[PDB]
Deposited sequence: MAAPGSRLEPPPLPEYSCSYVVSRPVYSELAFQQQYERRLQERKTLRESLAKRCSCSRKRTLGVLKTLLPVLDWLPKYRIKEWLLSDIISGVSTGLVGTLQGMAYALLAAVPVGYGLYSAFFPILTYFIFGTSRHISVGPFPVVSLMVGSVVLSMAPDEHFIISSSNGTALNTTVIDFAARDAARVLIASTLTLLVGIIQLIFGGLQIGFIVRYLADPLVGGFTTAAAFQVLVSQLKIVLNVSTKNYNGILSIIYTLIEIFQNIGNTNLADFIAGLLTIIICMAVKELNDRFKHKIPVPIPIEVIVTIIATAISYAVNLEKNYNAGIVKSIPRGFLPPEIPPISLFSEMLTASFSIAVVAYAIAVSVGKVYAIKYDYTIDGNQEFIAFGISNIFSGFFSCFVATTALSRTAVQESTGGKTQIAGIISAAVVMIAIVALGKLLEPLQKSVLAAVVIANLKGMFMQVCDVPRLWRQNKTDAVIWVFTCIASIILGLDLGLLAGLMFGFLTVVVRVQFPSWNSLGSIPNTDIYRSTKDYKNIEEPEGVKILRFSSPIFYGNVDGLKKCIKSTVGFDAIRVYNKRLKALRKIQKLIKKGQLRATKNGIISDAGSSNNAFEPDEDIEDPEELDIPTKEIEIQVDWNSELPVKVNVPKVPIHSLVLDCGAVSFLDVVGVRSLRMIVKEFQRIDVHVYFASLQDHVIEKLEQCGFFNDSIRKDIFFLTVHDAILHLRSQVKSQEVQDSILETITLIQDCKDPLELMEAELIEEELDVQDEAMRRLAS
């Protein structure tokens, strides 16, 4: 077939260089960008239907997620209402539903419980004062998270979600599922448990729950178990019998309606001492300014919460945008969600993001634009203004059971952990480390630990690279490892070393050790022995994979060259890139008789030049 025939002079860097010579409206994203281009002729009906469905789902979702935060039920409605209104303007995505999320709500509740415990705040029980303090703390945290997100949007650093690798995301997801399950199991059993803040809090909480298991309430446990069983059975049936009924069945809404109707009919509050919400405010509360003096105690938590919420939002937005053929601006997502969280924090709400289960419901029912979001917000308004009194008999175990039933998809990643281990060990290590760290520590500290562990893994992989001793395939220009191909001939009196990594301080010491191993000696010892008295004459360094270089690497290379030239051993460099040669030039490498004459384009010019002498 085709043949490889090339005729050219043996080119050094100097010869090659002397023959061939070198050398305002999008930031505040308007609705005016797509409202004037609306298609009300056919989009309006689908938008209305989707908005009604997703509002019905989101009212219950907000009420349930208000329990994960240490906030009385009723502010979850505000958290499901206000962010949608303030995101309708600045939002890029046209398919996501804005509101609470079980993991972000759990993080917020952990912070709120830490800063306002029952025993520390009250020594009288003063439920009203405690609830007011918890609401204030949640609002302050939401405002801080919004400020951080807006600042990140201003700096246009939207690539940080790249650092959230899939293995650490999976580990954090599994740990968050465990945390949410423990909290909601505490709620379901109607068992009191003093809050634990700090390290290994989940283990202490589980121990105390299992100690007090003898004080469980029968009615709440039965309601939670039945809700979980019904919801999971319906989900499984819909998933298996999926060709018909394309849209998911809103089983949670039906279960909640039936449960609250039965509770009203039987009056479970007094006859069985059941735990009901017992209080939902009527109407809208006036806005209040949160106390910013707490900002110094909520930095390591607000940073993690902002990162996680933005990551979930952009993940869902991208998943639907690639499906519907459009693009989302990450910096604009920062800006929109930061404004949303600031607005929410000024109106007694906890942190807002998107949810995959709610977005799927909104999209599958015919979502076109964010008009469905406005319809959902209107439904939440109707629930707040009028439906407040009819949700009083509802039990909290029903909402906790809904959350527990939904936790399955998050719990199902230990299944693909082993495949990840089989493919790449580093990714499995990252997964396990992130999960364990988020279990031993909190979620906010676990996320930071996982991120920095990923950074360490990258640094370590760069630091300990693959290196080889090379020899030529006969009658070709192909050089491979001598100990791998069994037909490789080492050239006469010259060793070729390939160090497949950029050279920096860790790589500096690694490279010195590798050179000493490959050439069979070191220049310092032989030079000292020769001075006291008073096999290889050339070494080629294949530098085709040296991506970058620093001052320490340049100094190391200079010292290597000088030490080998002391004992009359020549050092040549091959396949160095142009920018690395520029870095060598600007770091003072080409001083004291180097002159760029020991550089060749590939590892065949060096060997041919060696044969000349």
In sequence order, name the stretches of the deposited sequence that have no C-alpha in these coordinates. 1-16, 40-63, 165-175, 586-653, 733-780
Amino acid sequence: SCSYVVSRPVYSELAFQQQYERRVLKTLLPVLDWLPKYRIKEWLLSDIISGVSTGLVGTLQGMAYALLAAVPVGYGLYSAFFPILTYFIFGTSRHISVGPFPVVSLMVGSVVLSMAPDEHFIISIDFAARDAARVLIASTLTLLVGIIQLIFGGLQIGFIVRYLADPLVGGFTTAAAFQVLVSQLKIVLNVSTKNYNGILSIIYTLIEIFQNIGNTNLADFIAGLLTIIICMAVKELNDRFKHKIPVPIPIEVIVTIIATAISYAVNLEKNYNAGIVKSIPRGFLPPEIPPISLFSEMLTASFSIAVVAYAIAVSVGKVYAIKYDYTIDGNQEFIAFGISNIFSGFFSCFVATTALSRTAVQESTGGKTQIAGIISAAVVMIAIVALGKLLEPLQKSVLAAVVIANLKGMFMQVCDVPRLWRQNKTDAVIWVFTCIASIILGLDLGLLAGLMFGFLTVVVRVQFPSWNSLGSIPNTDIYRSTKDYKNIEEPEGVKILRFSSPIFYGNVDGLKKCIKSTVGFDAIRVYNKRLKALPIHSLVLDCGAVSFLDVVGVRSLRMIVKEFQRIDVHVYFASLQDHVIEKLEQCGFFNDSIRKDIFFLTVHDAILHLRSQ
From here on, numbers count along this sequence of modelled residues.
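Throughout, rigid core stands for the largest set of C-alpha atoms superposing within 1.5 Å between the two forms.
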Comparing 477-485 with 319-327, larger root-mean-square C-alpha distance from this form in 4 other deposited structures of this protein, core superposed, belongs to 477-485
